[PDB]
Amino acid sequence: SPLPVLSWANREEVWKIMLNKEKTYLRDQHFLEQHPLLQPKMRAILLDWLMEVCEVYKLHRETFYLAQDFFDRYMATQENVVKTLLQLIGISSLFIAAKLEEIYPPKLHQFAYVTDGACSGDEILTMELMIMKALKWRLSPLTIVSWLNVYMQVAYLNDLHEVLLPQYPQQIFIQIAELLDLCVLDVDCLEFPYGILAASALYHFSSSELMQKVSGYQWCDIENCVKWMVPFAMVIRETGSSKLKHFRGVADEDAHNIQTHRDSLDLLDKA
């Protein structure tokens, strides 16, 4: 429990419920064997696609990671899906996400527009209901990026240990988010609890000591994740870290929370 004492609740209870939550939300790095017509690389291409459309429409990272987590949780419920309706399943996931997370989401037709007419507004509305019925309407996961937001606040604490008004640097967040974004494109990531992936990514940009202070997790807990993440880590350092953009109409105290895209194409293949 890396939270300091909370005014509103038992810091331990808050943290248990959040850990307790992660447990009632299953994931499977080996769900694409339920669909033996499908190749692991297909998923990466798709999630790479969502990130693109998220940047254009200035959607939050939380929105992207909800889409990802709706995708991979949904497929695990299904059987023998074909490449054909991967665009529909993903853009419909982003649609649900965007409606959950944004104050003023895009409108249904924008989600059909991007599809280049491979998906109709009313295919989207059909799929969204099957996805939501299939996930038993459990649409409130702790995303990979949501743990990075936790950790970054805990790292930047003072006297009156307020964990709620967000106080941390935007450029460090951007740089760790880049490493997590690349890591997600590869289904092997779903081996590691989302808490651990975020913890493990921060470790690469800091130390086992900071990681423990902010996450709780002991070196052994993240040890294997850290080892798996190594190749994605070095590949991001070989190229240099990216810069915090300002976004049009998006304020500045909110500019790190906007999802972004660079050519994470070849970058994943080195690994």
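For the two forms, the rigid core is made up of the largest set of C-alpha atoms that agree within 1.5 Å on superposition. The numbering used is simple: start at 1 and walk along the sequence shown.
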Quiz item: Core fit done; bigger CA RMS in 6 other deposited structures of this protein for 90 to 98 or for 151 to 159?
Solution: 151 to 159
Practice problem: Would you say which of 160 to 168 and 190 to 198 moves more relative to the shown form in 6 other deposited structures of this protein, going by RMS C-alpha distance with the core superposed? | Solution: 160 to 168
Practice problem: Would you tell me which stretch averages the higher CA B-factor in the PDB entry, 143 to 151 or 189 to 197? | Solution: 189 to 197
Self-check item: Stretch with the higher entry mean CA B-factor, where the candidates are 154 to 162 and 69 to 77
Solution: 154 to 162
Quiz prompt | Options 241, 215, 224, 206 - largest CA temperature factor per the record | solution = 241
Exercise. Choose from 50, 202, 38, 229 the residue with the greatest Cα B-factor as stated in the PDB record.
Key: 38
Quiz item: Going by the entry, which third of its chain does the Cα temperature factor of residue 170 land in?
Solution: lowest
Quiz prompt | Third of the chain, ranked by Cα B-factor, where residue 33 sits | solution = highest
Quiz item: Hey, what third does residue 210 fall into on Cα B-factor, ranked over its chain?
Solution: lowest
Exercise. Taking the values exactly as deposited, rank residue 61 by C-alpha B-factor within its chain and report the matching third: lowest, middle or highest.
Key: lowest
Quiz item: Lowest, middle or highest third of the chain for the C-alpha temperature factor of residue 21?
Solution: middle
